[PDB]
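First up is the structure itself, then whatever we jot down about it.
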Amino acid sequence: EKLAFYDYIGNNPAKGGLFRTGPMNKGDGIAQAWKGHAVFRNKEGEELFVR
Amino acid sequence: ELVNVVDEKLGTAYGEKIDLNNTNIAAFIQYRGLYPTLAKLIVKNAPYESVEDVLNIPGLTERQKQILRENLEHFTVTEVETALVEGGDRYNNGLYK
Amino acid sequence: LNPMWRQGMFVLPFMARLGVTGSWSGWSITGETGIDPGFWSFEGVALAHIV
Amino acid sequence: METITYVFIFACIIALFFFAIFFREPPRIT
Amino acid sequence: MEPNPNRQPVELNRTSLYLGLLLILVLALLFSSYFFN
Amino acid sequence: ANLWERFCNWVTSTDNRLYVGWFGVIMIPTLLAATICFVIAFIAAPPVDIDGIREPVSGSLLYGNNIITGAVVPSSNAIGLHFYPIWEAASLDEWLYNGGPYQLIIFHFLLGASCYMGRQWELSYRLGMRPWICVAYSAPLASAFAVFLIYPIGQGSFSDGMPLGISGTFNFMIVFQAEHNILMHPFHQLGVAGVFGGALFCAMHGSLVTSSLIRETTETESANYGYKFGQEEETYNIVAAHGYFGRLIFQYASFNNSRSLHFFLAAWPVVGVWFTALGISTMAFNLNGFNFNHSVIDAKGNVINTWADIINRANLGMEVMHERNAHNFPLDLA
Amino acid sequence: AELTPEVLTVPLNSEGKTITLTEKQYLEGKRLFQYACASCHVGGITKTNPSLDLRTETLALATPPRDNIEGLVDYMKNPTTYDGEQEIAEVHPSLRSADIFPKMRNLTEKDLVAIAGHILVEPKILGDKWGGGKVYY
Amino acid sequence: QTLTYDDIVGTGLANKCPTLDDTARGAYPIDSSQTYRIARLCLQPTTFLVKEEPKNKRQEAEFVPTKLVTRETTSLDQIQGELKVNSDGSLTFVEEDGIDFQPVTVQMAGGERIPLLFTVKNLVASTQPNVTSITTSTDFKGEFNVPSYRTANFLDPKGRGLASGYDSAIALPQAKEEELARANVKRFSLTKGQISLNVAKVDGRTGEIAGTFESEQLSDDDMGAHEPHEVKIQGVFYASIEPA
Amino acid sequence: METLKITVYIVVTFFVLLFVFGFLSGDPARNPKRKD
Amino acid sequence: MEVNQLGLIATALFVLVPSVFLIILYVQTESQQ
Amino acid sequence: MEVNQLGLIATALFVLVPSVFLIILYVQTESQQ
Ligand code: CLA
Ligand code: CLA
Ligand code: CLA
Ligand code: CLA
Ligand SMILES: C=Cc1c(C)c2cc3nc(c4c5[nH]c(cc6nc(cc1[nH]2)C(C)=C6CC)c(C)c5C(=O)[C@@H]4C(=O)OC)[C@@H](CCC(=O)OC/C=C(\C)CCC[C@H](C)CCC[C@H](C)CCCC(C)C)[C@@H]3C
Ligand SMILES: CC(C)=CCC/C(C)=C/CC/C(C)=C/CC/C(C)=C/CC/C(C)=C/CC/C(C)=C/CC/C(C)=C/CC/C(C)=C/CC/C(C)=C/CC1=CC(=O)C(C)=C(C)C1=O
Ligand SMILES: CCCCCCCCCCCCCCCC(=O)OC[C@H](CO[C@@H]1O[C@H](CS(=O)(=O)O)[C@@H](O)[C@H](O)[C@H]1O)OC(=O)CCCCCCCCCCCCCCC
Ligand SMILES: CCCCCCCCCCCCCCCC(=O)OC[C@H](COP(=O)(O)OC[C@@H](O)CO)OC(=O)CCCCCCCCCCCCCCC
Ligand code: HEC
Ligand SMILES: CC1=C(/C=C/C(C)=C/C=C/C(C)=C/C=C/C=C(C)/C=C/C=C(C)/C=C/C2=C(C)CCCC2(C)C)C(C)(C)CCC1
Ligand code: OEX
Ligand SMILES: [Cl-]
Ligand SMILES: [Cl-]
Ligand SMILES: [Fe+2]
């Protein structure tokens, strides 16, 4: 989960605001668990990737 | 659904008579010939299935078998409640005068 | 999932960079319990800068 | 915010002691 | 104790007071919206 | 000369901003130890089990208190009168849980407070002064000895002493009334007359002197500038003040003598507080106030209640509620 | 209200005989109660065993009954438990134990019925204050 | 000859169970036709391990070491009970009376204090089948009851209790009572625990045995105010058995 | 804990000796007055 | 609206602190001569 | 603890406002003669 927590944009230091004060947990929340890796497929059955 | 177990038991025969399975020993003071000798035997041989099972306690003289028989009207038995028998509370429940 | 850089800690990483990792309360920023950092803990270096 | 407010006032009163003693107005005789 | 040879008085005339109060006030009127956020 | 002689001259030097002295050699470290521990304990000390029944009591600001409710909690009733320094606990965490800091503070304090009294004699001796200012300070000092040590001794536990807090002191007064009826004890009554008259005589003497100042200033500036530090003149007319107060009451109810007067101002509150200190010290050994419960009774035998029987009702309410789980038996004899 | 002979009239024993007391026997029976009993039985309770009292209703259902003169005089000569199965003269003041309770060597037959009179007349005065405890102070 | 009461007062040895020589490695004959008892059972806890606890559901969490703040008050002693010989040769110990409980408060990293009632009430512990003697390989595995850390007459800081006290938050007269239901209604807990007594030193001459123990139980739930903590207690024990 | 105990026993002994030998070092002669 | 809770005291001290700094300097200047 | 939100600015201004009143009067007195 530590490796999956890095690969995620909420920890990007270039997503803040000048007057968005406080810790990062004040933003998206206090991280609890890794829900998992999502895999998207259409009706043909091929894997799609989210941009 | 959280109920006070002591309050709930007051709505039963425990709140009307001497419950042989929960009531403190200081309740046999109400009637003649129960305290302290027979009162000690009743708490020692608890619990009882029915009130009449108290008449079969080992070593009861032919006649203390009878003072019981005159005081069955004030006896009852309910399910033994944990918060009422633990800590030796049937012998001293913290209530004096 | 809730490290120091998610809580807005500023001087805490600078203490941890040079070897101050444990607290008198018994915890460590690495997750290890049962440690004894001696005097030079987080509370010790803070008192050292106050005195 | 409360704990910081109480200790801040306490620190000012102690800092006030240091000036009222070592930086008082000297009493002079005449 | 001997006085210190290096001290000079400080002045602030009335015009600098109005200028200072003005700058302080509209600086607060500008940033207050961002402090409230 | 030698360095020890030079050291003794500095300790007793009358030219220091704050006088040290031989009493001060003991007073300074003991006080510094007590305040530094008190400040830290009042802010961040964990809860303390005072009554020894595994029921901790929060007392520090960081644990949900304010200035009014915060307090340094007395040591556990499981310790009683046992000496409990830091090195008698297996660690600090055990030391804080059993009210360790309370003993360290009051011990280093009473020590330094006593040396503070001797320090008053010491500087009086080096300045050519009469020595009896320390005797007046013995009244508030003996009071601190009563509520911090003499009473825990008579009751057998430091858990019964006065806590180091504002609301903690209020808890000490209420329980002391339920178990000793201090209000009906004469020594506390003599103590009230000492503090009521003390404030009365303070306001009186302060008003009469400020009623007869020699006119030496204008209306534009303060009246205090009519006096200058170190002047030989007395800045108020004493016989003019005697002529006013002697006519309000009668001539012989007024002090014409300044030295007899300031002695009365020093005597009254000091011996008055001496008694209220001795009142706490005696009720520590359970010699309580007057008991007039059911003392008036009619021709048949009905209890004709008085105002004392009502006081007994309020006392019963405090007694049955204080330390609601610390008792297992019908009598509270300590 | 006065200390009437009606108030001072109490049962003698079990058959329903009554004996009327003068004010002389009530006061000394009250003084002798403070002398030899009030340390344990102040206000009508029992310090060493609050489960029992000296109210008349309690003394009535005792075995043998003690809500009368002759029963109380017998209890102070040979005390028993609340049901009469044990004799507790070894732990309770009595004349059978006046060797180990020296305060009982004074009392004679006249003194013991005076105390017994006070135990029976006082609950007719204070009501629930007798044997009530701190709740009715 | 050894000690008096004035030789142990204040030393701390009054909290320690007796021990046996390292040379006491014998075996106690157990006659299948005689009755037997445990005259004295003593348990001294030396280590307290507490749970840990939330949050991520990743792995089965592990007991962390904790640190005692209630001093030398944690040992059980003078517990007597009947020792049976069952029909299959195994022996069951049935607890009856004794000082079989000590309230213990330990503290862990962070400052959180874990109150618990270290007890062995109503302990029944049996051995493996066919025990012809109590050797240095014998071990008991038992089950006991853990009553609530506080009984029914106990009151909280605001006066609420189970068998006494208020039944609401009197300080907030016109507040909503539903979220306060957990703290207003006190509940008496009654769970169970497990313990393993492994004898290590046996003196078949006098009938004394010694060894180690490890028990597991729950901590104080504050009469249903919060979830309790799992605790593991370790230490040594001493027991003397007697032909009755 | 034993190490801390020794330190306090030394610190306390150091200050009480400064106290006893302080008054014994001719204290009554330390007065703005007659010195004997 | 759900504003910042400290934006009030942040704005109050943003005005008060530098204002009385300039007031202190001006009043002591006029009092000279 | 759930304390009042205005209590912070209540204490802050309660200290600051009368403080600067005395400070202004003092600095303008020492700047005299
Ligand atoms: C090197 C400086 C520095 C840095 C990088 C940080 C960084 C941090 N601190 Mg810290 N802090 C600092 C100094 C610093 N601190 C100091 C000196 C104090 C003492 C007052 C504090 C007290 C403090 C507290 C009490 C807290 C933080 C917290 C934080 C975090 C959030 C910061 C935030 O919201 O930014 C907000 C930044 C702004 C809104 C920028 C304001 C820009 C001003 C208004 C511009 C002024 C313009 C000027 C007047 C115009 C001039 C005009 C010209 C004519 C003159 C972050 C980790 C928080 C945290 O995460 O806690 C764990 C928290 O609770 N800090
Ligand atoms: C003026 C110095 C001074 C004094 C008098 C004290 C006094 C005390 N401290 Mg403190 N302390 C001090 C400075 C001082 N402190 C400083 C500077 C520190 C910081 C390191 C501490 C840190 C500290 C801690 C951390 C603790 C104490 C504790 C104590 C108590 C126990 C001390 C003890 O066992 O010694 C006993 C003394 C002796 C055995 C001396 C015997 C040898 C001499 C020569 C005998 C002479 C004295 C004799 C009895 C009478 C003669 C007196 C004279 C007038 C004739 C005691 C009230 C403890 C406490 O409060 O526990 C509740 C505790 O835990 N102290
Ligand atoms: C009209 C109401 C009334 C009045 C006027 C009094 C008056 C008094 N009561 Mg009473 N009381 C009352 C009602 C009243 N009572 C009621 C209703 C109750 C029942 C609840 C009580 C219960 C009660 C108790 C239980 C006690 C009192 C005591 C007292 C006395 C307190 C003064 C004192 O001890 O000074 C003496 C001075 C001091 C104690 C201070 C010593 C200061 C030390 C030496 C130095 C401290 C310095 C400090 C730590 C740091 C300095 C700071 C600096 C560096 C800036 C006083 C005579 C107390 C008493 O007489 O004991 C002595 C006491 O114990 N009262
Ligand atoms: C209505 C006014 C009134 C009066 C007359 C008194 C009077 C008294 N109170 Mg009380 N008191 C009052 C209001 C009053 N109180 C109030 C409102 C409260 C708070 C609710 C209290 C709370 C209180 C407490 C808690 C206690 C008293 C006590 C006392 C006694 C000593 C007080 C004392 O010396 O004060 C100091 C003032 C002086 C010394 C100045 C002199 C005052 C005296 C009494 C005048 C005497 C003049 C004399 C009769 C004239 C002689 C003429 C000729 C022969 C030359 C005294 C009997 C104490 C007590 O019970 O003692 C028995 C006590 O413990 N008071
Ligand atoms: C509650 C009432 C009360 C208090 C608080 C008080 C306080 C004081 N009186 C003093 C003096 C006096 N008071 C006198 C008569 C009286 N004083 C009275 C009533 C009081 N007097 C009364 C009624 C009288 C008339 C009899 C005299 C005659 C004197 C003095 O000569 C003396 C003085 O110099 O006054 C100017 C000072 C002692 C200085 C000292 O020991 O420094 C040493 C202590 C220091 C430096 C710091 C100690 C801090 C400690 C360690 C804190 C921790 C322990 C505390 C006890 C915590 C408890 C606090 C809680 C209860 C909140 C101090 C300001
Ligand atoms: C309708 C009708 C009939 C109309 C008729 C009207 C009429 C005029 C009638 C005439 C008849 C008439 C006069 C009747 C009298 C009736 C009468 C006696 C009424 C009773 C009233 C009464 C109870 C009065 C109370 C008496 C009273 C005030 C007592 C005070 C007692 C008391 C303790 C006094 C203080 C004494 C004292 C020692 C104080 C010391 C305090 C002190 C240290 C002060 C400091 C101080 C003192 C100085 O000394 C000076 C110097 C200075 C510097 C100074 O600091
Ligand atoms: C059956 C009973 C049998 C007897 C029993 C006896 C019991 C003890 C009796 C006590 C006698 C003691 C006499 C003391 C004399 C004295 O102190 O003189 C000292 C000075 C000298 O006076 C000044 O004296 C000067 C002359 S000279 O000094 O005396 O020579 C003079 O110049 C000036 O006018 C004058 O004011 O007296 C005064 O200044 C007058 C004020 C004295 C009042 C003291 C109040 C003390 C408080 C009392 C405690 C209660 C209050 C506290 C509790 C609420
Ligand atoms: C200008 C007056 C203002 C007085 C208001 C005070 C009312 C108090 C209640 C009555 C008590 C009366 C006893 C008076 C006593 C009396 O006799 O006074 C008389 C005195 C004037 O007397 P003289 O001119 O004789 O003064 C001689 C002087 O040289 C003093 O020695 O008046 C003052 O000193 C007033 C002081 C009030 C000081 C109180 C300070 C107020 C601080 C307020 C804090 C505010 C917080 C601000 C929040 C933003
Ligand atoms: C000290 C303890 C005393 C003293 C000095 C006296 N009594 Fe009592 N008393 C005491 C106890 C512990 C008990 C109960 C014993 C038991 O039931 O096992 C009693 C009981 C009585 C009773 C009977 C009450 C009842 O049946 O409800 C009576 C009538 C009685 N005591 C009277 C009495 C008298 C007259 C005393 C002195 C003159 C006296 N007692 C002394 C304890 C104590
Ligand atoms: C030399 C000399 C001198 C000097 C002296 C001094 C200066 C001293 C000081 C001293 C000091 C200065 C001391 C101090 C002490 C202190 C203390 C004693 C403290 C303690 C504390 C504590 C114990 C704490 C704890 C805690 C708490 C309470 C809570 C939280 C946690 C903790 C742990 C932190 C003189 C002048 C006399 C002269 C002679 C010589
Ligand atoms: O501790 Mn504090 O207060 Ca003197 O009584 Mn007993 O103990 Mn408790 O009760 Mn009441
Ligand atoms: Cl209380
Ligand atoms: Cl008790
Ligand atoms: Fe004066």
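As shown in the structure tokens, the chain order sets the letters A, B, ...; within each chain, residues go from 1, and ligands are also counted from 1 in the order they appear.
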Item to complete: Could you pull out the residues sitting within 10 Å of ligand 7, using only C-alpha atoms and all ligand atoms, and write them as a PyMOL selection string?
Response: chain F and resi 187-198+254-276
Worksheet entry | Nearby polymer residues, ligand 11, at most 6 Å, only C-alpha atoms and all ligand atoms, as a VMD selection string | chain F and resid 160 332 334
Practice prompt. Mind the document's chain letters and residue numbers, and return as an MDAnalysis selection string the residues of chain A that DSSP labels strand (DSSP E or B).
Written response: chainID A and resid 40:41 47:48
Go ahead and write the residues just picked, C-alpha atoms, as a CSV table (one decimal), in the first residue's frame.
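Everything below was put into out14.csv:
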```csv
chain,number,residue,atom,x,y,z
A,40,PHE,CA,-11.9,-1.3,-17.0
A,41,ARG,CA,-13.3,-3.4,-19.9
A,47,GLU,CA,-8.9,-3.5,-21.2
A,48,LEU,CA,-9.3,0.3,-21.3
```
Item to complete: Could the residues of chain J within 12 Å of chain A, counting only C-alpha atoms, be given as a ChimeraX atom specification, please?
Response: /J:3-7
Write a file of the selected residues as a PDB file, in the first residue's frame, keeping C-alpha atoms.
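Result saved to result_20.pdb:
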```
ATOM      1  CA  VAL J   3     -15.312  30.711   5.928  1.00  0.00           C
ATOM      2  CA  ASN J   4     -12.004  30.197   7.717  1.00  0.00           C
ATOM      3  CA  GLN J   5     -12.536  30.335  11.476  1.00  0.00           C
ATOM      4  CA  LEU J   6      -9.318  32.300  12.081  1.00  0.00           C
ATOM      5  CA  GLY J   7      -9.778  34.712   9.176  1.00  0.00           C
TER       6      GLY J   7
END
```
Discussion item. I need the helix (DSSP H, G or I) residues of segment 21-211 of chain H per DSSP on the backbone, written as a VMD selection string.
Written reply: chain H and resid 181 to 184
Okay, now the selection with N, CA, C and O atoms, as a PDB file, in the first residue's frame?
```
ATOM      1  N   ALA H 181     -26.713   7.350  24.365  1.00  0.00           N
ATOM      2  CA  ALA H 181     -27.247   6.093  24.879  1.00  0.00           C
ATOM      3  C   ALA H 181     -26.134   5.170  25.360  1.00  0.00           C
ATOM      4  O   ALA H 181     -26.287   4.481  26.374  1.00  0.00           O
ATOM      5  N   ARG H 182     -25.003   5.149  24.649  1.00  0.00           N
ATOM      6  CA  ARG H 182     -23.923   4.239  25.015  1.00  0.00           C
ATOM      7  C   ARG H 182     -23.308   4.597  26.362  1.00  0.00           C
ATOM      8  O   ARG H 182     -22.915   3.702  27.120  1.00  0.00           O
ATOM      9  N   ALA H 183     -23.222   5.887  26.684  1.00  0.00           N
ATOM     10  CA  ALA H 183     -22.630   6.313  27.945  1.00  0.00           C
ATOM     11  C   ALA H 183     -23.640   6.416  29.080  1.00  0.00           C
ATOM     12  O   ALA H 183     -23.239   6.402  30.249  1.00  0.00           O
ATOM     13  N   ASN H 184     -24.935   6.519  28.771  1.00  0.00           N
ATOM     14  CA  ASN H 184     -25.939   6.630  29.824  1.00  0.00           C
ATOM     15  C   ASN H 184     -26.332   5.265  30.378  1.00  0.00           C
ATOM     16  O   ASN H 184     -26.594   5.134  31.579  1.00  0.00           O
TER      17      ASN H 184
END
```
List every residue of chain E that has an atom at most 7 Å from any atom of chain J, giving for each one its closest atom pair and the distance in Å to one decimal, counting only C-alpha atoms, sorted by chain and then by ascending residue number, as JSON lines.
```
{"residue": "E:11", "atom": "CA", "partner": "J:29", "partner_atom": "CA", "distance": 5.3}
{"residue": "E:12", "atom": "CA", "partner": "J:26", "partner_atom": "CA", "distance": 4.9}
{"residue": "E:13", "atom": "CA", "partner": "J:26", "partner_atom": "CA", "distance": 6.2}
{"residue": "E:14", "atom": "CA", "partner": "J:26", "partner_atom": "CA", "distance": 6.8}
{"residue": "E:17", "atom": "CA", "partner": "J:22", "partner_atom": "CA", "distance": 6.4}
{"residue": "E:21", "atom": "CA", "partner": "J:19", "partner_atom": "CA", "distance": 6.2}
{"residue": "E:24", "atom": "CA", "partner": "J:15", "partner_atom": "CA", "distance": 6.5}
{"residue": "E:25", "atom": "CA", "partner": "J:15", "partner_atom": "CA", "distance": 6.6}
{"residue": "E:28", "atom": "CA", "partner": "J:15", "partner_atom": "CA", "distance": 6.5}
{"residue": "E:32", "atom": "CA", "partner": "J:11", "partner_atom": "CA", "distance": 6.0}
{"residue": "E:35", "atom": "CA", "partner": "J:7", "partner_atom": "CA", "distance": 4.7}
{"residue": "E:36", "atom": "CA", "partner": "J:7", "partner_atom": "CA", "distance": 4.6}
{"residue": "E:37", "atom": "CA", "partner": "J:3", "partner_atom": "CA", "distance": 5.7}
```
Fill in: Between atom 4 (C, counted along the ligand's line) of ligand 10 and atom CA of residue 49 of chain C, distance in Å (one decimal)
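Spanning atom 4 (C, counted along the ligand's line) of ligand 10 to atom CA of residue 49 of chain C is a straight-line distance of 21.9 Å.
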Worksheet item: Got a sec to pull out which chain F residues are within 10 Å of chain K, counting only C-alpha atoms, and send them as a PyMOL selection string?
Response: chain F and resi 63-65
Would you mind exporting the chosen residues as an mmCIF file, in the first residue's frame, restricted to N, CA, C and O atoms?
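Contents of the output file selection_37.cif:
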```cif
data_model
loop_
_atom_site.group_PDB
_atom_site.id
_atom_site.type_symbol
_atom_site.label_atom_id
_atom_site.label_comp_id
_atom_site.auth_asym_id
_atom_site.auth_seq_id
_atom_site.Cartn_x
_atom_site.Cartn_y
_atom_site.Cartn_z
ATOM 1 N N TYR F 63 -4.922 18.134 28.908
ATOM 2 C CA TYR F 63 -5.843 17.025 29.111
ATOM 3 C C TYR F 63 -7.263 17.505 29.403
ATOM 4 O O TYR F 63 -8.036 16.813 30.069
ATOM 5 N N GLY F 64 -7.616 18.690 28.907
ATOM 6 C CA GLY F 64 -8.989 19.155 28.947
ATOM 7 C C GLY F 64 -9.359 20.018 30.135
ATOM 8 O O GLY F 64 -10.456 19.878 30.687
ATOM 9 N N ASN F 65 -8.469 20.920 30.535
ATOM 10 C CA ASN F 65 -8.728 21.824 31.645
ATOM 11 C C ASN F 65 -8.471 23.261 31.214
ATOM 12 O O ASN F 65 -7.852 23.524 30.179
#
```
Practice prompt. Find the residues around segment 142-156 of chain H up to 7 Å (only C-alpha atoms counted), leave out those fewer than 2 positions away in its own chain, and share them as JSON, numbers by chain.
Written response: {"B": [83, 87], "F": [325], "H": [116, 117, 119, 120, 121, 122, 123, 124, 125, 126, 140, 158, 159, 160, 161, 162, 163, 164, 165, 188, 189, 190, 191, 192, 193, 194, 195, 196, 220]}
Fill in: 12 Å contacts from chain D to chain F using only C-alpha atoms, as a PyMOL selection string
chain D and resi 1-11+14+21-24+26-30
Item to complete: Would you list the residues that come within 9 Å of ligand 2? Count only C-alpha atoms and all ligand atoms and give the answer as a PyMOL selection string.
Response: (chain F and resi 24-34+83-88+100-112) or (chain I and resi 4-5+7-17+19-20)
Item to complete: Would you mind listing the residues within 10 Å of ligand 13, counting only C-alpha atoms and all ligand atoms, as a ChimeraX atom specification?
Response: /F:325-334
Worksheet item: Which residues sit within 8 Å of ligand 1, counting only C-alpha atoms and all ligand atoms, listed as a list in words?
Response: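 Checked against 8 Å with only C-alpha atoms and all ligand atoms; the hits are residues 18, 19, 20, 21, 22, 23 and 24 of chain A; 5, 7, 8, 9 and 10 of chain C; 23, 27, 31 and 35 of chain E.
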Near-residue 91 of chain B list (9 Å; only C-alpha atoms; drop same-chain fewer than 5 positions) as a tab-separated table (two decimals) with C-alpha atoms, in the first residue's frame:
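Written file, around34.tsv:
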```
chain	number	residue	atom	x	y	z
B	24	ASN	CA	-29.28	-9.55	48.86
B	25	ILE	CA	-29.15	-11.54	52.09
B	26	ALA	CA	-30.28	-8.43	54.01
B	43	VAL	CA	-27.77	-17.91	49.43
```
